[PDB]
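Its first residue numbered -18, the sequence shown is counted upward by one per residue in my numbering.
Working notes for the structure below.
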Amino acid sequence: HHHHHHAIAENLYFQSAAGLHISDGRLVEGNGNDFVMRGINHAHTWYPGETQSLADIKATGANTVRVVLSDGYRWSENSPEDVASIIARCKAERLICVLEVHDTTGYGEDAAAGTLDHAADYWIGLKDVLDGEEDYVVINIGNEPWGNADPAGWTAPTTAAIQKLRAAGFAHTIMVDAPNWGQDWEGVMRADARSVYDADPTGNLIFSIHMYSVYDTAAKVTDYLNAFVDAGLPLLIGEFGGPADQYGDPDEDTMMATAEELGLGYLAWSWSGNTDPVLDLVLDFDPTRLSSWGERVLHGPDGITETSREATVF
Ligand SMILES: [Cl-]
Ligand SMILES: [Cl-]
Ligand SMILES: [Mg+2]
Ligand SMILES: [Mg+2]
Ligand SMILES: [Mg+2]
Ligand SMILES: [Mg+2]
Ligand SMILES: [Mg+2]
């Protein structure tokens, strides 16, 4: 006979603050399932009238969007209301959301660039919007937060910013970008990553490489990605390009193939709106105007539509 009981469930007395987290060098959801980001960057802070981009990005099959914010150091600060709206729209569309402060880009070289400390203060100002969204939102402290001048200087302020966010009570997975405009040409992030990782007492830290023309051969791509995997350190390709520019030709084929082989995340740059539209996946924010680059990223080998799996939390 069935026990025939009729109970109702109270929610667990104790639950973890962390949602998305790191386990054994990989990104995992709260339920333990491995998560491999396959997504797109959207320049929200510069295109407030293009928020339909989030739903259009989901329609590609993408499982993640990286949303460009400003902390007001250089561009126009994204308000807590705006950020709350974006997070909720991403959740409604079943997208994981990587938020990033762009104003740090090129610090130490570009005189208009802000500090990681200023970015951290901005994140702390968003705490009431962000707390409770640890299953859904990854905090990328500052985009490409050092230029090419003295990239060794990146390690101390990166470490300090992580510690400042943890001391403020953040339980999200935190993502950090490399010096040399995100491409880590001098290898400072690659060398110092373990030290930086060990400085996050939660272990919930992921490194992000941006692969442009420095990564113009197969060997350069595979060496970098394998370096992190072999060291047991979590990594994604948080931006990448592909079409040749004045500095070389990024090897997008090897990036995407190796990301698939190793199960590392990637986020293509970008949906639309670049000053030079060569990296626009769609022209004029219009899904019916895919560019050559859009065709490659969405529909080509190891691309988004082929490989992206929705986060299981949804
Ligand atoms: Cl706009
Ligand atoms: Cl080479
Ligand atoms: Mg029964
Ligand atoms: Mg939970
Ligand atoms: Mg909306
Ligand atoms: Mg060094
Ligand atoms: Mg290329």
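C-beta atoms are modelled at their ideal positions from N, C-alpha and C, and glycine is treated no differently.
For the candidate residues the options, whose alpha-carbon lies nearest to that of residue i?
i	options	result
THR235	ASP165, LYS201, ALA159	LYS201
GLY284	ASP131, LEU111, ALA249	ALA249
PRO231	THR239, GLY222, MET237	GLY222
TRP252	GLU233, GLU276, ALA240	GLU276
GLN164	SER189, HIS23, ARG147, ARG175	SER189
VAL119	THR140, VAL48, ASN59, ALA133	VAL48
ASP98	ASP112, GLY53, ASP261, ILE187	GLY53
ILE143	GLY95, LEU(-7), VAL157	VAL157
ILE218	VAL46, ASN(-8), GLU(-9), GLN227	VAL46
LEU35	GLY6, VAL79, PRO126	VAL79
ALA172	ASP211, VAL263, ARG270	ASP211
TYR103	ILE67, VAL195, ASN59	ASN59
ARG147	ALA(-1), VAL64, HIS(-13), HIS(-16)	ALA(-1)
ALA137	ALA149, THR154, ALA152, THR96	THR96
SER4	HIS(-15), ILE187, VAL294	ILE187
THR288	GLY113, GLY246, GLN(-4), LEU216	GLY246
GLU81	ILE155, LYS72, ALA149	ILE155
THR239	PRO224, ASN207, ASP226, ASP257	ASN207
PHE266	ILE122, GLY106, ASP112, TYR28	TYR28
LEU243	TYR205, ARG270, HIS(-15), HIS153	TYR205
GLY281	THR256, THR269, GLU233, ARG270	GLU233
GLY123	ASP112, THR140, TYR117, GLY113	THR140
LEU111	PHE(-5), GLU125, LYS72, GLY87	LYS72
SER176	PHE209, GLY150, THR203	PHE209
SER66	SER57, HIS(-18), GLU241, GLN33	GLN33
Check residue i in the structure and name its three-state DSSP category.
i	result
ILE3	strand
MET18	coil
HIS(-16)	coil
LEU262	coil
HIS23	strand
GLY229	strand
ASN207	helix
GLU81	strand
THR45	strand
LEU35	helix
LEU8	strand
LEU111	helix
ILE68	helix
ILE105	helix
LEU146	helix
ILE285	helix
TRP127	coil
residue 296	Outside the modelled stretch of the chain, which goes from -18 to 295, sits residue 296, for which no answer is possible.
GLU276	helix
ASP98	helix
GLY87	coil
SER60	coil
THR183	coil
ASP165	coil
From the DSSP secondary-structure annotation, give me the bridge partner or partners of residue i.
i	result
residue 317	Residue 317 is absent from the model: the chain starts at -18 and stops at 295.
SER189	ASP158, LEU217
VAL294	In the DSSP output, where bridge partners are listed per residue, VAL294 has none listed.
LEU50	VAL82
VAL118	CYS78
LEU271	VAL263
Since residue i and residue j should fall inside the 8 Å C-beta cutoff, what is the C-beta to C-beta distance between them, to a whole number of angstroms?
i	j	result
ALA43	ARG19	6 Å
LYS108	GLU74	Between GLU74 and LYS108 the Cβ distance is about 24 Å, and since that is not below 8 Å, they are no contact.
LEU50	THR26	5 Å
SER272	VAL263	7 Å
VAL294	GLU10	5 Å
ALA93	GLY254	Between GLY254 and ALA93 the Cβ distance is about 20 Å, and since that is not below 8 Å, they are no contact.
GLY13	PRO61	Contact doesn't hold; Cβ gap of about 32 Å is too wide.
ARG55	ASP84	4 Å
Kindly list the residues whose CB is nearer than 6 Å to the CB of residue i, restricted to its own chain and excluding five residues on each side of it in sequence; keep chain order.
i	result
residue 303	This structure leaves residue 303 out entirely; the chain is present only between -18 and 295.
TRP135	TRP127, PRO160, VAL169
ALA130	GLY89, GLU90
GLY213	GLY6
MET237	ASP283
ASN121	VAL79, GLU81, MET156
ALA152	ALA(-2), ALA(-1), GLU115
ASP181	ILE143
Which same chain residues, not among the five before or five after residue i, have their C-beta less than 8 Å away from its C-beta?
i	result
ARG290	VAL17, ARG19, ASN44
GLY184	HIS2, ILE3, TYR178
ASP226	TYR193, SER194, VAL259
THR286	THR41, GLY42, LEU279, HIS280
Could you pull out every residue in the same chain whose Cβ sits closer than 7 Å to the Cβ of residue i, ignoring the five residues on either side in sequence?
i	result
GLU220	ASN22, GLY163, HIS191, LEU248, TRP250
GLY229	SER194, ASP197
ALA199	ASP232, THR235
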